[PDB]
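Order as written gives the chain letters A, B, C, D and E; numbering starts at 1 within each chain.
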Amino acid sequence: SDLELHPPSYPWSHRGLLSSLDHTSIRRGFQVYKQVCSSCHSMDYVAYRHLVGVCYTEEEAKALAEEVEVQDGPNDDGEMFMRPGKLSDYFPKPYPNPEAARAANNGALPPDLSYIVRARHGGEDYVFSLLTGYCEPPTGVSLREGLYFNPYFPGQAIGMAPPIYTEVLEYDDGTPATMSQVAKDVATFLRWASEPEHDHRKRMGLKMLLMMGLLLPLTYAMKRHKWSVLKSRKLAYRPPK
Amino acid sequence: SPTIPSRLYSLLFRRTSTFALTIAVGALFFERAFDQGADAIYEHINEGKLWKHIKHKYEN
Amino acid sequence: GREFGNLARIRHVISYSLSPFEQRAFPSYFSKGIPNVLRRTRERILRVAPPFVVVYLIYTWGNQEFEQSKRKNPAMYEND
Amino acid sequence: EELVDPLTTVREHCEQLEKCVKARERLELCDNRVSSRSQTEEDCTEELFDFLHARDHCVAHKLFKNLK
Amino acid sequence: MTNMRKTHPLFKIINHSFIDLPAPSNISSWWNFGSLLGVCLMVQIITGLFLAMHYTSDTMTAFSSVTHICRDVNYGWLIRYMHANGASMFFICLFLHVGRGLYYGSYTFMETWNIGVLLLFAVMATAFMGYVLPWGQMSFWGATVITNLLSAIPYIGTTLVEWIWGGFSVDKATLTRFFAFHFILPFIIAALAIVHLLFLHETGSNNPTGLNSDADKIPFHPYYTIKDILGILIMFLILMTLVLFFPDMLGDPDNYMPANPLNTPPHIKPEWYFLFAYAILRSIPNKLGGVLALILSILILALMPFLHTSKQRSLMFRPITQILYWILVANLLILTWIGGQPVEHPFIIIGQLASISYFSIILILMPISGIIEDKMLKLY
């Protein structure tokens, strides 16, 4: 069907005008991506050093980077070799090229989730509604293998199997990993991944509002000084008759 | 008894060079005070959410 | 060629002004600003507003007409 | 001791409201009409969309207070 | 001694154009807008220069360079979104400047008006190629659609489009030459703005009453200096609340995907300030008809000084033409709304009626109304 279903507005902790992101939720959503979403989706523009000072310390992010193996080279014989990862390494590819993703995902290409709440209408609301909106198809419509019904996906036939259920991973802080909690955490993490400057942007905006609230009446007062020399000027016509 | 703007004019605002000096000194002091106040407002709006609020839990 | 001194020929006109340090920058700002703004908006509201009012009506009608254009016609699938 | 998703509890609590149960009634009238006909190309995705729109609107009104 | 301000040959021009320039005392805040445009131009140039130290005009690396600017350059996201929202602010100030010129009869300064419409064409071309530059999905498909409809010219159109492309389609050569042209045109815009200021300064500015303001003129400094400073401050407030709080309310989300030639978007738009012209371009079911409709929809401002049939310059004392002017602003907003809508019912008939009404109000209704208004004052 060509009819579309808009996702609703959720009360996010960063929804407000000066409201920053909850960094524990970004840490939990990074764990959700690492354990679930990294098998199919890529994060080509995010590195491990971006996690320092946001969700993890330097040594925690160093351990996270060294858990994986990165292709590197050329060696002195001219051959490629695996090495442990470091902080300057970006997040590992699931597939070496998109045609391998097409072959491994029944013809569908799992998109790079680095701008996925910036490239979709709804933002993180759309991601939450897509992850928590898998349901049985209604009567009249039928779907084949490799397809799953999702009313928030355009066309209502998504090639992605439902990846999140109750207790799909174990959190580091002991939070109960329900489907809604895991989806909210990964939506917060994807919002941070699309907008890493978000808290700094809102702090800059707060300083800008304070500075403009200081400076606009003062510049208005200077203008009205230099113009109130003219705005009380009185004229008189005195013809000699 | 002169008032505060009158004494501010007599000591600082008359000469243009002293006007520039008090503008520069007030600029640096206002910069320090304004960054401190605006920052404190920003963590007061978003307490328990920034990295410096949850930073003590993970550092060893 | 066109500067102060040779702009216009003015005779018998007296202007009075005072120093900006002598007068207030906001002389009765609200108590005369509100009726002046009300006078200006009542002299211009009938010329300005009704085009934007009918833009609002056309916008709402077009959006709702598109929404019922995407609506399923119940007359179909009635014969069988 | 299964870990209960708060989204489910909020979902039937929101389906207890009136616009959701009216849209659900139209959905059952549609599946009664469609599933009892042999050959047709009718699909009623639109009032399933209406029911989901109302239900997830009132779910998103109050879901996030139960999530840590 | 010697007055250095009125004698030094570099300070003499600065004096005559900004300090001792006799300006009308009663010009409203609308006369700020052109100065804002100049400031916006400088802002764009400055931000553009700081985008040019990290941007690469290669189709493999353009999106990667833009993401590197947003993510790794210190405050690079700030400069990029300042550049984008400053282009939007440029077009806001440009539209209000043109509306001031239309309302107050400033088009009787014919040379200034013609240099203006040349500047408007140059700014639109610069913004189009700049929007092509990040090489997103939306940039590639907007460039493809605009050049494909430019191919409608008979007997030279396909050759001209393949010459502009440098190939069979929109490719690496198109992006690199668009980077060069988008770099070089704002300096030509600055030179044309200098010519614009000279052609205005031969005769002074217009006032909202439309009368000869020679009896009441004031120096530009300090009155319009501090007024322009206040307008600059307000425009900076709106620009920074557009950048720091709602950085994507005016852009399209599909530009954050990489350019896929295989995948077409479901709905193709230019950015919002082109949108009304796009509506006019699709109000005729003929390719040449739509192209000439767009060209005359921009060039009707150049045709405007020959349509003035009234004995009064401004619209301050002309209520019927005021009503027609606000109806013109109304259906310009309507065409802007239609241009972002897909081509089904009732958007097609609304856009056709809006384009017909736009051309009939500018061409027919305003001179007839001016004749009627002259008849009411016992002048005709």
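In this section, contacts are C-beta pairs under 8 Å (C-beta built on N, C-alpha and C of every residue); 3 or more make two chains touch, one makes a residue touch a chain.
Engineer: Kindly list the shared contact partners of chain C and chain D, in label order.
Structural biologist: A
Engineer: If you tally contacting C-beta pairs, which pair wins, A-B or A-E?
Structural biologist: A-E
Engineer: Measuring from CA centroids, which chain ends up nearest the centre of the complete protein set?
Structural biologist: Nearest to the common C-alpha centre lies chain E.
Engineer: Let me have the rounded angstrom distance from the C-alpha centre of chain D over to the C-alpha centre of chain E, please.
Structural biologist: That gives a centre separation of 48 Å.
Engineer: Could you tell me the distance, in whole angstrom, between the mean C-alpha positions of chain A and chain C?
Structural biologist: 40
Engineer: Go ahead and note the Å separation of the Cα centroids belonging to chain B and chain D.
Structural biologist: Spacing between the chain centres: roughly 55 Å.
Engineer: Taking the mean of the C-alpha atoms as each chain's centre, how many Å separate chain C from chain E?
Structural biologist: 21
Engineer: Can you pull out the residues of chain D that are in contact with at least two other chains?
Structural biologist: In chain D, the residues touching two or more other chains are 40-42, 44, 46.
Engineer: Which pairs of chains touch each other in this structure?
Structural biologist: A-B, A-C, A-D, A-E, C-D, C-E
Engineer: Going by the contact rule set out above, which residues of chain E touch chain A in the complex?
Structural biologist: Residues 25, 64, 67, 70-71, 77-78, 218, 222-223, 226-227, 229-230, 233-234, 237, 240-241, 244-245, 247-248, 253-254, 256-257, 266 of chain E touch chain A in their complex.
Engineer: Where on chain C does chain E make contact in their complex?
Structural biologist: Checking each residue of chain C against chain E gives 2-4, 7-8, 10, 47-48, 51-52, 54-55, 58-59, 62, 65-66, 69.
Engineer: For the complex, give me every residue of chain A touching chain C.
Structural biologist: 2-3, 221, 224-226, 228-230, 232-240
Engineer: Quick check: in the complex, which residue numbers of chain A touch chain E?
Structural biologist: Residues in contact with chain E: 17, 45, 50, 111, 114-115, 118-121, 154, 194, 196-197, 201-202, 204-205, 208-209, 212, 215-216, 219-220, 222-223, 226-227, 230.
Engineer: Can you tell me which positions in chain A touch chain D when the two form their complex?
Structural biologist: Contact set of chain A toward chain D: 1, 3, 5-12, 125, 129, 132-133, 138-141, 151, 156, 166-167, 175-181, 184.
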